[PDB]
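Chains as they are written, first to last, in the entry's author numbering: chain AT, 2 to 92; chain AY, 9 to 104; chain BN, 58 to 113; chain AW, 2 to 252; chain AI, 2 to 78.
Just so you know, even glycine gets a beta-carbon here, dropped at the ideal spot from N, CA and C.
Below is one structure; the comments refer to it alone.
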RNA sequence: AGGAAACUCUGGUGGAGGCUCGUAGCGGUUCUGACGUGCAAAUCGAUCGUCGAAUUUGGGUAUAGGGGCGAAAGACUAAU
RNA sequence: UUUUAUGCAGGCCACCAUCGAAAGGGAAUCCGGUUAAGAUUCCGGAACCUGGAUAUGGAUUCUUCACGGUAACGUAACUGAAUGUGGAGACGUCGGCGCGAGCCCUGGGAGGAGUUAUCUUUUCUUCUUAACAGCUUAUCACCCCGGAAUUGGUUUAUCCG
RNA sequence: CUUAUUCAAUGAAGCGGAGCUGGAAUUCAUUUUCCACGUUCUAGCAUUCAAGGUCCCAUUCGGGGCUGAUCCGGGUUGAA
Ligand SMILES: [Zn+2]
Ligand SMILES: [Zn+2]
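Structural data, given as structure tokens:
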């Protein structure tokens, strides 16, 4: 049915550790347990093996990344600015 | 645009999806054109390029993924490749 | 176990193909294709380079 | 009185880092000929968790140009690398992720990691999770590059000093809590025997310079001169200010 | 300790010339309720293994022992 | 299943937790019980704590005396 | 060099000692019986590996270093130095699911024993088959065909195309 | 300034200089100097003093030198 109002995956942690830390942990546990999309194949077979090891079962690939998400926004900015200055330099 | 012309071909012309049926058609020469996704194995990509070089067929690279091309043709699964055998109605063969 | 591999004969240890008991057959396929394709690519790259810089 | 904890950590019998589950050092290939006259290709074959570290590593493979062999290296993975990947490393290489262009070659506003400090130390700067170094400017005549370090520090280092392009992986790690002495236990037991930390003010005065008293109180101020000694350097050392800071690092 | 079916194989085995000993076992057996038969078992012994030629025909068994050499030391049981 | 939609609920599966009851086990609260020239140079009994782990443990191995080790009692370092 | 040593024509390579676990890794054995006291160690039988000589048979070849199969791959074998590459060794913990072994429960029948004033086609008991060898057998995986929305297959657990 | 001292690598491999071969340079006379001086769609592969070309040998089973791979100095390379 509907089990939990707002603890979600942080109901295994029970009544411990404080609501705020449980909120943060909730957010990041969702991020890290979720399935993502392998860019090489588009399929939803991407998962964490370990912190910044994000591997795809279907296409048998592995990409390095954030401990809890697979693409961190900082590194996204870095990709973009790298492409920018590289285009400029070859240009 | 391109997805509109491809839907027109889905309605009027005929086609076959996927690497195996595609390259079978290309071996037979019956095909005219291929559209190829951009998420794609570069090996498969280059092999198709060679096959189409031999067949003198045309090739087009899709600014999209398997998902996007599938939505374009109107199917609901992954399509890295599509082979146009004839369009009848569309300007696909003429344009690009 | 390894010493038992040393007991048995060749038939029980590998396959009649190139890369018999080392690599998957599908991987054999893949890498053969890779070789042929990119050496052809190398060749056409070489000749286009030669002719454009010969013009130039 | 008695010898104290740091004063034993120097000798290091039980405080040596643990090593069983590490793949060895992560290092940059030697600046031999190619990386200072051209470039070389390598294949990222796999990516692997290293224990005790927080980042992952990249098992990369090059070919020794002098001998028919395949020389393997362990790199740090930046975010955006993957398996089966072609990593071009050297001077005449390309400005993408994974590559090892010199700081003399890269432009301003650039991001790098695993940066050398002097050419042939093979990875010193910004090796930990999510830490990057930014380029500032050059003085190619008397070849030097200004770089900003995650402490905000503007350092000046040579130009042949290599450095990997990208941001180090495993970011966001300390954004998560731990919630558990057990989680911290596991962390520090794969790193080194550094936990739990017990308070000197709860120790006895023989065992620390805070210990003792009918009330847990320090008594004598904890701001310690830099020119103190081994036995006195418990507390805040060479400190300029204390307390809550409100405002800016101001640099 | 290997089964054997080919009779000429068993004979050239008897003349393998490392072979020295042989045995013939009889066994009381059942094909069906009313014909409990007589299984013959020629167990020949050389060096590295024992070869067991199996037989379920007394006519063939007597022809076999008629065919065997005399010098090969036998054990009837 | 409901709802105009937003989105809400119901039954099931499933089997998480430094969760819990509780045996083995590790411990050692209370009885301030027994004994207290003992079975014992620290035990016996009942009652108790905890029991998948920051767990318990063998073996090897390192740290040696103003030194070591210490989740810290000035505790332990062969009844010291 | 066949006076001979290993000088000697040649090229290769590059630990950089050693010690360290009778519970980690590890080449190879099982049954039966046997003594006052031994046993996987003895006896009988049947096996396995290692090392080294090694001869017969067999296979290959006058197209010199095998053939069949679309393929996955198969076979009694069926050249292969230097060097290099890969794999096994070699690996957590918990859950439940399946499968197997032995045990337990049990039916019939063949023997033996017990009870029996009464009743009990009854209670108990034996009915076994090792290492090793040959033939055969499998979940997962993999190949051929063919081309899937009307979406389908499928696990206890929802994953796949 | 490097040599003394000090730091670090490395199986002490490509140092430095000059030079070809090209691009730019304005050559104000001939080059004035500067850039390069074999590699980038792809998880392949790269080894036998290198094949070739070339000069010899004793052709024979083959054997050897130059180039292929510019030359000189023998400061391993940087730092300080
Ligand atoms: Zn994928
Ligand atoms: Zn494979």
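Taking the alpha-carbon of residue i as reference, which of the options has the nearest alpha-carbon?
{"i": "residue 56 of chain AW", "options": "AW:129, AW:173 and AW:137", "result": "AW:129"}
{"i": "residue 91 of chain AW", "options": "AW:206, AW:149 and AW:63", "result": "AW:63"}
{"i": "residue 12 of chain AY", "options": "AY:32, AY:85 and AY:76", "result": "AY:76"}
{"i": "residue 151 of chain AW", "options": "AW:169, AW:107 and AW:9", "result": "AW:169"}
{"i": "residue 91 of chain AY", "options": "AY:15, AY:52, AY:31 and AY:16", "result": "AY:31"}
{"i": "residue 82 of chain AW", "options": "AT:55, AT:2, AT:90 and AT:91", "result": "AT:55"}
{"i": "residue 64 of chain AT", "options": "AT:37, AT:82, AT:84 and AT:89", "result": "AT:37"}
{"i": "residue 61 of chain AY", "options": "BN:63, BN:80, BN:113 and BN:97", "result": "BN:97"}
{"i": "residue 225 of chain AW", "options": "AW:231, AW:237, AW:219 and AW:216", "result": "AW:237"}
{"i": "residue 38 of chain AI", "options": "AI:30, AI:44 and AI:45", "result": "AI:30"}
{"i": "residue 127 of chain AW", "options": "AW:68, AW:167 and AW:142", "result": "AW:167"}
{"i": "residue 89 of chain BN", "options": "AY:55, AY:72, AY:15 and AY:17", "result": "AY:55"}
{"i": "residue 61 of chain AT", "options": "AT:91, AT:85 and AT:46", "result": "AT:46"}
{"i": "residue 137 of chain AW", "options": "AW:153, AW:131, AW:97 and AW:125", "result": "AW:153"}
{"i": "residue 27 of chain AT", "options": "AW:243, AW:178 and AW:186", "result": "AW:178"}
{"i": "residue 48 of chain AI", "options": "AI:76, AI:16 and AI:60", "result": "AI:16"}
{"i": "residue 218 of chain AW", "options": "AW:37, AW:39, AW:132 and AW:204", "result": "AW:204"}
{"i": "residue 235 of chain AW", "options": "AW:32, AW:84, AW:223 and AW:244", "result": "AW:223"}
{"i": "residue 52 of chain AI", "options": "AI:44, AI:59 and AI:58", "result": "AI:44"}
{"i": "residue 88 of chain AY", "options": "AY:100, AY:47, AY:58 and AY:51", "result": "AY:47"}
{"i": "residue 11 of chain AT", "options": "AT:31, AT:2 and AT:3", "result": "AT:31"}
{"i": "residue 71 of chain AT", "options": "AT:84, AT:88, AT:18 and AT:53", "result": "AT:53"}
{"i": "residue 35 of chain AW", "options": "AW:79, AW:207, AW:101 and AW:45", "result": "AW:101"}
{"i": "residue 57 of chain AI", "options": "AI:12, AI:36 and AI:77", "result": "AI:36"}
When the Cα atoms are used, what is the spatial distance from residue i to residue j?
{"i": "residue 63 of chain AI", "j": "residue 50 of chain AI", "result": "25 angstroms"}
{"i": "residue 88 of chain AW", "j": "residue 77 of chain BN", "result": "30 angstroms"}
{"i": "residue 110 of chain AW", "j": "residue 78 of chain AT", "result": "12 angstroms"}
{"i": "residue 75 of chain AT", "j": "residue 48 of chain AW", "result": "21 angstroms"}
{"i": "residue 161 of chain AW", "j": "residue 44 of chain AT", "result": "42 angstroms"}
{"i": "residue 104 of chain AY", "j": "residue 107 of chain BN", "result": "29 angstroms"}
{"i": "residue 248 of chain AW", "j": "residue 241 of chain AW", "result": "16 angstroms"}
{"i": "residue 251 of chain AW", "j": "residue 93 of chain AW", "result": "39 angstroms"}
{"i": "residue 99 of chain AW", "j": "residue 50 of chain AT", "result": "21 angstroms"}
{"i": "residue 28 of chain AI", "j": "residue 68 of chain AI", "result": "21 angstroms"}
{"i": "residue 57 of chain AT", "j": "residue 75 of chain AW", "result": "22 angstroms"}
{"i": "residue 121 of chain AW", "j": "residue 24 of chain AW", "result": "21 angstroms"}
{"i": "residue 213 of chain AW", "j": "residue 201 of chain AW", "result": "9 angstroms"}
{"i": "residue 106 of chain AW", "j": "residue 12 of chain AW", "result": "44 angstroms"}
{"i": "residue 17 of chain AY", "j": "residue 98 of chain AY", "result": "6 angstroms"}
{"i": "residue 231 of chain AW", "j": "residue 189 of chain AW", "result": "25 angstroms"}
{"i": "residue 254 of chain AW", "j": "residue 51 of chain AW", "result": "Summary: the structure shown does not reach residue 254 of chain AW, with chain AW confined to residues 2 through 252, and so no result is reported for it."}
{"i": "residue 18 of chain AI", "j": "residue 40 of chain AI", "result": "27 angstroms"}
{"i": "residue 72 of chain AY", "j": "residue 15 of chain AW", "result": "57 angstroms"}
{"i": "residue 20 of chain AI", "j": "residue 26 of chain AI", "result": "18 angstroms"}
{"i": "residue 73 of chain AW", "j": "residue 199 of chain AW", "result": "43 angstroms"}
{"i": "residue 8 of chain AT", "j": "residue 23 of chain AT", "result": "8 angstroms"}
Using DSSP's beta-bridge definition, name the partner residues of residue i.
{"i": "residue 57 of chain AT", "result": "AT:47 and AT:62"}
{"i": "residue 94 of chain AY", "result": "AY:22"}
{"i": "residue 58 of chain AY", "result": "Paired residues: none, contrary to the question."}
{"i": "residue 79 of chain AW", "result": "AW:169"}
{"i": "residue 112 of chain AW", "result": "AW:135"}
{"i": "residue 72 of chain AW", "result": "AW:63"}
{"i": "residue 57 of chain AW", "result": "AW:50"}
{"i": "residue 40 of chain AI", "result": "AI:28"}
{"i": "residue 90 of chain AW", "result": "AW:41"}
{"i": "residue 28 of chain AT", "result": "Answer by DSSP bridge pairing: none, since residue 28 of chain AT is not bridged."}
Open item on the list: I want to know whether the stretch 63–80 of chain AY touches the stretch 38–52 of chain AY - three or more CB-CB distances under 8 angstroms.
Closed with: yes
TODO: With ligand 1 as the reference, list in chain order each residue whose Cβ lies under 7 angstroms from any of its heavy atoms.
DONE: AT:39, AT:41, AT:42, AT:44, AT:46, AT:47, AT:57, AT:59, AT:60 and AT:62
Task: Residues with C-beta closer than 5 angstroms to any heavy atom of ligand 2, in chain order - done: BN:81 and BN:84
Task: Any 3 or more C-beta pairs closer than 8 angstroms across the stretch 19–33 of chain AY and the stretch 92–102 of chain AY - done: yes
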